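> Turn this into a structure:
(2 chains, ligands or ions: 1)
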Amino acid sequence: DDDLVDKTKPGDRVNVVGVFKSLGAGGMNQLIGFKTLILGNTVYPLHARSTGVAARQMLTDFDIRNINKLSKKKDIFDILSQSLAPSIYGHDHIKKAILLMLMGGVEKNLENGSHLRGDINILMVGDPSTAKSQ
Amino acid sequence: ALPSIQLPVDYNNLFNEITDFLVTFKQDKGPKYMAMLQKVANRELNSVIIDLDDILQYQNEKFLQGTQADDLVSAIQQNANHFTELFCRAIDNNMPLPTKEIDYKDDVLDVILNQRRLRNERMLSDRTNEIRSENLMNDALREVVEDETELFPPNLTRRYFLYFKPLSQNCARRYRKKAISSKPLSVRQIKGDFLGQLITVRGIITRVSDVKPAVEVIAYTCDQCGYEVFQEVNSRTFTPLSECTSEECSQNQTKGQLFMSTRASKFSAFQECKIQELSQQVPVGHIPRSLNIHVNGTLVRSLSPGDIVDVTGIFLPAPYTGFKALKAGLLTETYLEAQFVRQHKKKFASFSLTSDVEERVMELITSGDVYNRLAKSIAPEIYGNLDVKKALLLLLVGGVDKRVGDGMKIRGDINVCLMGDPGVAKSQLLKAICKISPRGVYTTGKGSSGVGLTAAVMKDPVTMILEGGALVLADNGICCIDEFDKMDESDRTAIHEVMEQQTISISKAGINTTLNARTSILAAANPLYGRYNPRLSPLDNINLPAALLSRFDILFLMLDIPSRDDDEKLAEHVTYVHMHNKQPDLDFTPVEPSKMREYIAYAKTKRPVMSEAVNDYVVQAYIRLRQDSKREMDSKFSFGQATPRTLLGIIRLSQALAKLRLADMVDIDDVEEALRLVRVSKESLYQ
Ligand SMILES: Nc1ncnc2c1ncn2[C@@H]1O[C@H](COP(=O)(O)OP(=O)(O)O)[C@@H](O)[C@H]1O
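Residues are numbered from 1 along each chain as shown, chains lettered A, B, ... in the order given. The structure is reproduced below:
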């Protein structure tokens, strides 16, 4: 319908809530009619494992007050570094960059020039069974 | 049944006030558009251009001097389709008609409308004679003649056309009014509520069709009653009509039998194309759509494919639905009608005005040290490589040619290759060159195959043509090419076929064409594994044969020697990039590209001619080159052979070097600059 045109690209996972309605004269005029559809609808895109947006997570004032209480410290980079190895021993300086890639850096596109790339790309190498697939 | 609605929009006094504005305008000798209409009456022009600003200037003018004007900007802005002919019939009220005796060679269209003007009046002169001869102030006597005679309609004999023009924000900046028609809007921003409005879109011209005439009205000769029947068609298809529809063939036993005619019908120029989205305001996970735009009349043959253009027009549906079973009952398929073209990146070889041009060009000329200022200005966002930028400035020139006549041409094209890896950031310049330069297509290695960048054959839509590729597109322009080392080997063969000019041979399944291409080539390949081994030779760290290197007149090398003193300026260079958004400081001001290309395009129309003293200087200088090149004959740091094509380039170069003097003054210092860029381009591998 009107305010609901084009909320989805083809290839996502979306919940649809509406009414299952069958219209049309089912072949009794003059081999099967009664084709069906669903109208009166609301559209809700939902997060996949590997597709689409997951940024619908809310933030309360109770939430951000904890963040503002958190950011007033001096060593939280260490705690966030040690946090991301829940079941993996070691690899301290590796985890530090994994914070920073999700930060993504800053982007400043030049005036009538070109963009300057801001993100960070990392390859690792090591012997097998050493938390590479972990 | 079928009620009625009143609305504040009037048709009566708007027609009255639009007559006055069409007459009373003096600001921009006598009246503006009547002198234009006299120029239309001079029978030498086909278009009528109407702004919105002089309207708004008049609408400012009437309120400040008189009581009240009806609003007319937002009046046209709403519906905009009824304002075509209701405005244009007021034009035919006032006309300096006999303003020039007709030329015998003027127009075959002109001799027909002169008849229908005269045949109207001679038929008008007959009926007023009979009525006064049968009597029982003369305005009613005139009025009886008005309704008792079939005539030609005034819509049938027009000969001119009218295009509207949107208002800029500039006068709207002074007085804010309904400036909603002129915003850079997207196809995604086209909601289905903007139908009938006047809009402004932009994008990329893609899949341009061909121009073919569109039939509008058809004449029909009676051959018995001697009338002419006229049928107006606004549908997609139509039908021929019956045996006759006269008033005199009517009420009679034997009706006629008709047939149409060609020379008496009215046609129209017709061609359409599609516009792809600008690919900058697209959301983060979307694919760009397209849109159909019909073009009619004068504005045809003005839109090359693959450009950046501002299209303004009015938004109308077309009666069409998709599949038969999928029809929900009222499905409206839309389009846009073109009204005005404003192109970004104004194309060269299309201007002749010089006065307001040299209002800024002479200030560039009188700035002093212009030639060194230019290569500083093209893509200044890297550090160093000034001589490298200087040769690319000369690549932007090109622009020389000669045919001996009943013979061969010579191509005035420059083909500079780039070698080196990787921290020089060559692709920063590769995107920059095809960006400023008009007709610039950025290409990669594998993303076009051997059939991609050349033409292809597909089934034509509504209007079996040869659909071309990027090099077919980027003719009379510069192609930016990445990773020539990883092309197909058949794709290499086409590139050798461009080094002889205009040649693209095809021997496929049904195609034998040899199409033409005025293209220009920039290439940049990377060296071998490792980086700069002096134990390795030239052509040892190169993955291409030297016959291809013989086709390259100019070659560079991108060294990277880590030197202690070169870093600190470059470190201050790159850190200043993120401190601001502009590099130079207190010593230089950059040239904006729009003013830059106009000085280029004016320099493209010079054609300097050589002299005899410069003939003497080059010959023995080529004996300098021919002698010392053929004393090594080795696979050492020096390259093997010296072609006569080297002399073919350097004569062409100093010819192109003379073009930036704009003076036809081929001199000794003209050639003195040309020899310096040869010896430094080669053999920079010494450090
Ligand atoms: N430092 C470590 N701490 C805990 N577990 C580890 C550690 N190193 C390796 N592992 C174990 O290694 C396994 C993952 O093997 P991995 O090295 O990721 O695969 P591959 O080398 O084939 O990519 C996990 O099951 C994990 O239990």
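
> For the residue nearest to residue B:512 when sequence neighbours are not counted, give me its contacts.
Here the nearest residue to residue B:512 in space, its sequence neighbours aside, is residue B:506; by Cβ to Cβ, 6 or more residues apart in numbering or on different chains that works out to 6.6 Å. (Each C-beta comes from the backbone N, C-alpha and C, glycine too.) Contacts were defined as Cβ atoms under 8 Å, 6 or more residues apart in numbering or on different chains; by that measure residue B:506 touches B:454, B:455, B:512, B:513, B:514, B:515.

> Report the separation between residue B:506 and the ligand.
When Cβ to the nearest ligand atom, to the nearest Å is applied, the distance between residue B:506 and the ligand equals 50 Å.

> ok, now residue B:333?
Taking Cβ to the nearest ligand atom as the measure, residue B:333 and the ligand are separated by 54 Å.

> Single out the residue in the stretch 301-450 of chain B that lies closest to the ligand.
In the stretch 301-450 of chain B, no residue comes nearer to the ligand than residue B:422, which is 28.8 Å away by Cβ to the nearest ligand atom.

> Surely that residue touches residue B:527?
No - Residue B:422 is beyond contact range of residue B:527, at 9.7 Å (criterion: Cβ atoms under 8 Å).

> Who has more neighbours out of the two?
When residue B:422 is set against residue B:527 and neighbours are counted by other Cβ atoms under 10 Å in any protein chain shown, the residue ahead is residue B:527, at 20 against 12.

> so which strand or helix has the more buried one?
Taking DSSP states H and E as the definition, one finds residue B:527 inside no helix or strand.

> ranges for the helices of chain A?
Along chain A, counting by DSSP state H, helices occupy A:61-70, A:76-83, A:92-103.

> Which among those helices is found nearest to residue A:18?
Closest to residue A:18 of the helices of chain A is helix A:61-70 (Cβ to Cβ; 33.5 Å).

> which helices and strands sit right next to the closest one?
Judged by 3 or more Cβ pairs under 8 Å, 6 or more residues apart in numbering or on different chains; DSSP states H and E, helix A:61-70 is in contact with no other helix or strand.

> Setting the sequence-adjacent residues aside, check what's closest to the spatially most central residue of chain B.
The residue at the geometric middle of chain B, judged as the C-alpha nearest the mean C-alpha position with Cα atoms, centre = their mean, is residue B:303 (4.7 Å). The spatially closest residue to residue B:303, leaving aside those adjacent along the chain, is residue B:205, at 5.3 Å (Cβ to Cβ, 6+ apart).

> That neighbour belongs to a helix?
No - following the definition DSSP: H, G, I helix; E, B strand; the rest coil, residue B:205 is strand and is not counted among the residues of a helix.

> Please name the bridge partners of it.
residue B:275 (DSSP bridges).

> mind listing what it touches?
The neighbourhood of residue B:205, defined by Cβ under 8 Å, 6+ apart, consists of B:273, B:274, B:275, B:303, B:304, B:305, B:306, B:307, B:309.

> just to revisit the earlier point, tell me which of the contacts of residue B:506 is nearest to residue B:438?
For residue B:438, the closest of these turns out to be residue B:515, at 21.1 Å, with distances computed as Cβ to Cβ.

> If anything else comes up later, I'll come back, but that's it for now.
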